[PDB]
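Worksheet: one structure, shown below.
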Amino acid sequence: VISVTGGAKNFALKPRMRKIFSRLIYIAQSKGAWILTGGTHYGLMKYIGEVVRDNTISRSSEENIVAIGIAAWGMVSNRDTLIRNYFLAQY
Amino acid sequence: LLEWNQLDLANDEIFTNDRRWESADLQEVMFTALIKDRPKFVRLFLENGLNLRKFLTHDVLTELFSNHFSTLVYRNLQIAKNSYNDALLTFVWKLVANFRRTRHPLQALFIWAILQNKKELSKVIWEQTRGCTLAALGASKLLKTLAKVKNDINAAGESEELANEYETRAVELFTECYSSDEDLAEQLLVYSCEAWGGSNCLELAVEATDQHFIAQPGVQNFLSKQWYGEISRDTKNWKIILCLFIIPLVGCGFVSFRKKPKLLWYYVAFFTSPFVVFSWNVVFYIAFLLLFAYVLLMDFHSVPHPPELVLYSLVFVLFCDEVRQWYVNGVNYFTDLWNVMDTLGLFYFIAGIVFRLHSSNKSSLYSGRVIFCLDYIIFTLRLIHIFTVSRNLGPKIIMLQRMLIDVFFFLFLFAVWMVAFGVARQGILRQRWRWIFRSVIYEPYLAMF
Amino acid sequence: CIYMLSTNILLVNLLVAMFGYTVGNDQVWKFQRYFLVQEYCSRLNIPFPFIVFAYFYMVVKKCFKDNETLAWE
Amino acid sequence: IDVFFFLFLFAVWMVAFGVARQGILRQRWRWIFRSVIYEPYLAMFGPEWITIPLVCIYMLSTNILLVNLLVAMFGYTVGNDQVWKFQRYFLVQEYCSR
Amino acid sequence: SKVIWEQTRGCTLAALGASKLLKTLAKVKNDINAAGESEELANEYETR
Amino acid sequence: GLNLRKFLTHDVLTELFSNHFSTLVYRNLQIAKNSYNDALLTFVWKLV
Ligand SMILES: CC(C)CCC[C@@H](C)[C@H]1CC[C@H]2[C@@H]3CC=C4C[C@@H](OC(=O)CCC(=O)O)CC[C@]4(C)[C@H]3CC[C@]12C
Ligand SMILES: CCCCCCCCCCC
Ligand SMILES: CCCCCCCCCCC
Ligand code: NA
Ligand code: NA
Ligand code: NA
Ligand code: NA
């Protein structure tokens, strides 16, 4: 289990950090690991989600990547759509 | 800091986690980095949260192509369009005209940087494109076309260098793609979109004469898979030939196939394979030559016997194939001097049929027989050429193709000398324009041989 | 003398024909091989002489009338 | 091998030439086959609109056969010590294994 | 393979047999990447 | 200090060749045996 707790916003996409986090996600996929980040679509978490999506696209037959996003319900922007009217929430 | 190209200072001070900024806050700074040729700052702004797709609006692209486009580059593009026009050149000219007076804005910006030989800016923009192999191949084609203009040889040399760089980039990216996946890379190989004129990776590589891209092992084995069709390349060639001669053996599992199906799909996949079709066509051409010889030697009695009508139908299908080749290849078909030979042989067969249909005339029948014999020689020459090409289908094809043209030129020079020799002989031996011309043309050939 | 001169020029042309391909490696012949094989593979791929029916059908028809790959790349 | 292929192509052309000669000069399947096979070999080694195409087809045949001969002469150079050493070992070991 | 080959008894014979087997496996055109890897390994063991 | 000769028992080799042998590799080996068969290829196929 990897608990990624980094910058919540304004993350520079430097090649060194890009390679570091791509390797981290590759290790998590290879080891069957869980990545615990925040659910916000900002900064490091956005890049982690992008890398997870890229890995799933590239290797569909490999083990799935679990990327749990632990966020705050009180900070979600487009709410009132996550409430139930089986049910799919369109965020 | 951007005006002085101080990227390290900007990274150390301006762009820090302590400070805050938005993607839309650096739109104008991105524009002035683009127009002042600051590729490092373009990359910095791109990797610092700015979205290029939304920034590249129609107004931005129009301003880039109208006010920040070099007049020398536009003159070179106009000269290329007038002198070395092509499908991709026409597409790029239309795009430039549109932006001077989806839509793929990133492709437009990539073309804007490519036409002006902004190598590093072009690389930065290309790293953001969607179809990257296609973009690299299209850039290679466009740059090779622009290198043909001799108005400025330094600009042409820069264009040639950039074209080679982008061809190498496409080769490396596709090699990575093929090493990763084989089916996905082959799907990407034939992927077509209106982005580069509706063209294709293979089509763009062939048009640009990107020999390094075509000579890739992935591209070559893709071509081999196309050549074998649904038949797996692991089967032996002699097995395929034997199943061609023994048709029922195809459904008995003698020939292995790449995929699986009904006892009819097997035969359809076998007989639609280009390898099988080529072998069958050569075999049927040999059979047609045998039938032609039989008709010439034993079936010429001043009337069309059923073998003659069968031969006429076979020649008609050959003529249909030649017409299809004409339609497909345009005027470039009559350049090989061997396609011209096939066309002339079919025309001679038509003339011989016309002469032969005039029955109750010994002269017409003899002329038809002579024309048919000459056409038999022509058809066997075509078969010999097919055998020669198939035998040297490899590293020796270059030597074969060069030698054909070179020997043809040597024979033309010998024919010119023979005409001179015949003129000299006629002026020395003899003292009727048609008779004089006939003597001049046909005296040295009969005398020396 | 003129026979010798004619022999000289014609023989030199023949020798040029023999030796000219060596003046001017794998990529070139691979490109030519792709050109030829793709030219043949782009046909209707119907065995002769059955291709005449395909030609007639094509002329009759003429007279009558993605993101996954990009993401992976 | 290259000269053998060139000679095979020349034999095919000779068969075509014999067929053409028999169809032009002459009018018995065994006799026809014998004439077709043995006429050009003995001939070479022992009418207004047909002369120009005859010269043209002679030029084309010369071109293709000469190109095949030149390919025979030059094809070994397309495609160093290890290769001929392997062939030498193959031959000498084949003879030494008797 | 190199680690295991360093422990074999007949090492030249093992290297030559590996080269032969890898060259045979490189003939299969089902997967050209695997065939290329096999050819490279065969060349390596021939050199060894 | 580990001895490879004694470690490589029949059970270990069977487990390696049965459970830890790639199916793609086995398919390639089968294709080679069917199409490019040889004495060494036959020997290796029998061993596998
Ligand atoms: C009717 C009787 C006399 C038998 C005649 C047999 C020939 C017409 C056949 C037998 C084997 C065939 C060959 C078998 C294999 C090949 C390889 C094949 O692949 C290529 O060379 C394509 C280019 C490449 O893939 O590198 C091209 C056709 C060719 C020469 C075939 C051409 C037609 C051949 C000579
Ligand atoms: C008329 C003078 C001829 C001199 C000898 C020419 C020999 C040419 C040999 C070409 C192979
Ligand atoms: C029937 C035309 C012949 C032209 C001259 C051919 C010369 C070939 C010389 C080969 C060494
Ligand atoms: Na002379
Ligand atoms: Na001469
Ligand atoms: Na001749
Ligand atoms: Na000749």
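Naming scheme: A, B, ... for chains in displayed order of the structure tokens; residues 1 onward per chain; ligands 1 onward as shown.
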Inset, instruction - Can you check which residues of chain D DSSP gives as alpha helix (DSSP H) on the backbone and send them as a ChimeraX atom specification? - result: /D:2-24,29-44,51-74,81-96
Legend entry - Polymer residues at most 12 Å from residue 72 of chain B, only C-alpha atoms, same-chain spacing of 2 or more positions, as a list in words: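 Close residues of residue 72 of chain B: residues 68, 69, 70, 74, 75, 76, 77, 78, 79, 115, 116, 117, 149, 151, 152 and 155 of chain B.
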Legend entry - At most 7 Å from ligand 5 (only C-alpha atoms and all ligand atoms): residue list as a VMD selection string: chain C and resid 7 10 to 11
Got time to write the residues from that selection, N, CA, C and O atoms, as a CSV table (one decimal), in the first residue's frame?
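Everything below was put into again-v4.csv:
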```
chain,number,residue,atom,x,y,z
C,7,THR,N,33.1,0.7,-82.1
C,7,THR,CA,33.3,-0.4,-81.2
C,7,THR,C,33.6,0.2,-79.8
C,7,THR,O,33.1,-0.2,-78.8
C,10,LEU,N,30.4,2.0,-78.3
C,10,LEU,CA,29.3,1.0,-78.0
C,10,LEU,C,29.7,0.1,-76.8
C,10,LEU,O,28.9,-0.2,-75.9
C,11,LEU,N,31.0,-0.3,-76.8
C,11,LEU,CA,31.5,-1.2,-75.8
C,11,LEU,C,31.5,-0.4,-74.4
C,11,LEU,O,31.2,-1.0,-73.4
```
Inset, instruction - For chain C, report every residue with an atom at most 8 Å from chain A (counting only C-alpha atoms), formatted as JSON, numbers by chain. - result: {"C": [68, 71, 72]}
Emit the selected residues as a PDB file, in the first residue's frame, including C-alpha atoms.
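Final output, saved to selection37.pdb:
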```pdb
ATOM      1  CA  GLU C  68      -7.924   3.629 -28.367  1.00  0.00           C
ATOM      2  CA  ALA C  71      -4.226   6.796 -26.720  1.00  0.00           C
ATOM      3  CA  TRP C  72      -2.008   3.707 -26.887  1.00  0.00           C
TER       4      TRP C  72
END
```
Legend entry - Contact set, chain B to chain F: 9 Å, only C-alpha atoms, as a VMD selection string: chain B and resid 234 to 236
Take the residues that were just selected and, keeping C-alpha atoms, output them as a PDB file, in the first residue's frame.
```pdb
ATOM      1  CA  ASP B 234       5.014 -20.538 -40.991  1.00  0.00           C
ATOM      2  CA  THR B 235       3.682 -22.870 -43.688  1.00  0.00           C
ATOM      3  CA  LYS B 236       6.075 -23.951 -46.413  1.00  0.00           C
TER       4      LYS B 236
END
```
Inset, instruction - Excluding segment 47-50 of chain C and residues on its chain fewer than 2 positions from it, collect all residues at most 9 Å away from it, counting only C-alpha atoms, and give them as a list in words. - result: residues 271, 272, 276, 277, 278, 280, 281, 284, 285, 314, 317 and 318 of chain B; 44, 45, 52, 53 and 54 of chain C
Using N, CA and C atoms, can you write the selected residues to a file as a PDB file, in the first residue's frame?
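Output file selection-v8.pdb follows:
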```pdb
ATOM      1  N   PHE B 271      -7.655 -18.656 -51.521  1.00  0.00           N
ATOM      2  CA  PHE B 271      -7.621 -18.148 -52.885  1.00  0.00           C
ATOM      3  C   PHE B 271      -7.700 -16.631 -52.967  1.00  0.00           C
ATOM      4  N   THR B 272      -7.883 -15.939 -51.846  1.00  0.00           N
ATOM      5  CA  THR B 272      -7.762 -14.490 -51.803  1.00  0.00           C
ATOM      6  C   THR B 272      -6.395 -14.037 -51.315  1.00  0.00           C
ATOM      7  N   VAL B 276      -1.029 -16.684 -53.124  1.00  0.00           N
ATOM      8  CA  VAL B 276      -1.738 -17.707 -53.883  1.00  0.00           C
ATOM      9  C   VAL B 276      -2.222 -17.148 -55.211  1.00  0.00           C
ATOM     10  N   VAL B 277      -2.754 -15.925 -55.201  1.00  0.00           N
ATOM     11  CA  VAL B 277      -3.258 -15.323 -56.431  1.00  0.00           C
ATOM     12  C   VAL B 277      -2.124 -15.120 -57.426  1.00  0.00           C
ATOM     13  N   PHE B 278      -0.968 -14.660 -56.947  1.00  0.00           N
ATOM     14  CA  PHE B 278       0.189 -14.479 -57.818  1.00  0.00           C
ATOM     15  C   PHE B 278       0.635 -15.804 -58.426  1.00  0.00           C
ATOM     16  N   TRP B 280      -1.123 -18.571 -58.813  1.00  0.00           N
ATOM     17  CA  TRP B 280      -2.158 -19.032 -59.730  1.00  0.00           C
ATOM     18  C   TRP B 280      -2.110 -18.266 -61.041  1.00  0.00           C
ATOM     19  N   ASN B 281      -1.865 -16.958 -60.978  1.00  0.00           N
ATOM     20  CA  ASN B 281      -1.796 -16.162 -62.196  1.00  0.00           C
ATOM     21  C   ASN B 281      -0.607 -16.570 -63.051  1.00  0.00           C
ATOM     22  N   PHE B 284      -1.519 -19.972 -64.608  1.00  0.00           N
ATOM     23  CA  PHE B 284      -2.502 -19.815 -65.670  1.00  0.00           C
ATOM     24  C   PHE B 284      -1.914 -19.094 -66.871  1.00  0.00           C
ATOM     25  N   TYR B 285      -0.929 -18.220 -66.659  1.00  0.00           N
ATOM     26  CA  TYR B 285      -0.236 -17.608 -67.786  1.00  0.00           C
ATOM     27  C   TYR B 285       0.580 -18.639 -68.553  1.00  0.00           C
ATOM     28  N   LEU B 314      -9.298 -15.383 -72.886  1.00  0.00           N
ATOM     29  CA  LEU B 314      -8.182 -15.193 -71.963  1.00  0.00           C
ATOM     30  C   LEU B 314      -7.450 -13.886 -72.246  1.00  0.00           C
ATOM     31  N   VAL B 317      -9.498 -11.019 -70.895  1.00  0.00           N
ATOM     32  CA  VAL B 317      -9.339 -10.805 -69.458  1.00  0.00           C
ATOM     33  C   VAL B 317      -7.990 -10.156 -69.161  1.00  0.00           C
ATOM     34  N   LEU B 318      -6.950 -10.541 -69.906  1.00  0.00           N
ATOM     35  CA  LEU B 318      -5.659  -9.870 -69.768  1.00  0.00           C
ATOM     36  C   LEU B 318      -5.767  -8.391 -70.120  1.00  0.00           C
TER      37      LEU B 318
ATOM     38  N   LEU C  44      -7.381  -6.579 -56.618  1.00  0.00           N
ATOM     39  CA  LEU C  44      -8.575  -7.261 -56.129  1.00  0.00           C
ATOM     40  C   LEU C  44      -8.274  -8.635 -55.550  1.00  0.00           C
ATOM     41  N   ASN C  45      -7.093  -9.192 -55.825  1.00  0.00           N
ATOM     42  CA  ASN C  45      -6.674 -10.483 -55.278  1.00  0.00           C
ATOM     43  C   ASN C  45      -7.667 -11.589 -55.630  1.00  0.00           C
ATOM     44  N   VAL C  52     -12.429 -11.104 -63.940  1.00  0.00           N
ATOM     45  CA  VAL C  52     -13.266 -10.343 -64.862  1.00  0.00           C
ATOM     46  C   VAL C  52     -14.646 -10.102 -64.259  1.00  0.00           C
ATOM     47  N   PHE C  53     -15.172 -11.080 -63.517  1.00  0.00           N
ATOM     48  CA  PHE C  53     -16.448 -10.886 -62.837  1.00  0.00           C
ATOM     49  C   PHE C  53     -16.344  -9.794 -61.781  1.00  0.00           C
ATOM     50  N   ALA C  54     -15.234  -9.769 -61.039  1.00  0.00           N
ATOM     51  CA  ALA C  54     -15.021  -8.709 -60.062  1.00  0.00           C
ATOM     52  C   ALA C  54     -14.921  -7.349 -60.740  1.00  0.00           C
TER      53      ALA C  54
END
```
Legend entry - Long-range neighbours of residue 1 of chain A as a ChimeraX atom specification, 8 Å cut-off, only C-alpha atoms, 5 positions minimum in chain: /A:33-36
Inset, instruction - Name each residue within 9 Å of ligand 7, counting only C-alpha atoms and all ligand atoms, as a PyMOL selection string. - result: chain D and resi 10+61-69
Inset, instruction - For residue 28 of chain F, list every protein, DNA or RNA residue within 10 Å, evaluated using only C-alpha atoms, and leave out those in the same chain fewer than 3 positions away; present the list as an MDAnalysis selection string. - result: (chainID E and resid 25:31 34:35) or (chainID F and resid 22:25 31:34)
Inset, instruction - Take atom CA of residue 355 of chain B and atom CA of residue 304 of chain B and report the distance between them in Å, one decimal. - result: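 Result for atom CA of residue 355 of chain B versus atom CA of residue 304 of chain B: 12.4 Å, one decimal.
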Inset, instruction - With a cut-off of 9 Å and counting only C-alpha atoms, select all residues of chain C in contact with chain B and give the selection as number ranges by chain. - result: C: 6, 10-11, 13-14, 16-22, 25-38, 40-52, 55, 66, 69-73
Legend entry - Contacts of residue 269 of chain B within 9 Å, only C-alpha atoms, excl. fewer than 4 positions in-chain, as a ChimeraX atom specification: /B:229-231,257,264-265,273
Inset, instruction - Step one, run DSSP on the backbone; step two, keep only residues of segment 34-82 of chain A assigned to strand (DSSP E or B); then write them as an NGL selection string. - result: :A and (34-37 or 66-69)
Inset, instruction - Would you mind reading off the distance between atom CA of residue 60 of chain B and atom CA of residue 42 of chain B, one decimal, in Å? - result: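 The value is 15.1 Å.
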Inset, instruction - State, in Å with one decimal place, the distance from atom CA of residue 82 of chain B to atom CA of residue 141 of chain B. - result: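 Atom CA of residue 82 of chain B sits 16.7 Å away from atom CA of residue 141 of chain B.
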Inset, instruction - Give the answer as one residue: which of D:72, D:97, D:88, D:60 has the shortest atom-to-atom distance to ligand 3, using only C-alpha atoms and all ligand atoms? - result: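 Of D:72, D:97, D:88, D:60, the one nearest ligand 3, counting only C-alpha atoms and all ligand atoms, is D:60.
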Inset, instruction - Starting from chain B, keep only residues with some atom at most 7 Å from an atom of chain A, counting only C-alpha atoms, and report them as a list in words. - result: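 Here they are: residues 17, 47 and 48 of chain B.
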Can I get the selected residues back with C-alpha atoms, as a JSON list (two decimals), in the first residue's frame?
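Wrote it out as out-v2.json, contents follow:
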```json
[["chain", "number", "residue", "atom", "x", "y", "z"],
["B", 17, "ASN", "CA", 5.47, 25.78, -5.41],
["B", 47, "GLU", "CA", 4.69, 21.39, -18.38],
["B", 48, "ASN", "CA", 3.53, 24.09, -15.93]]
```
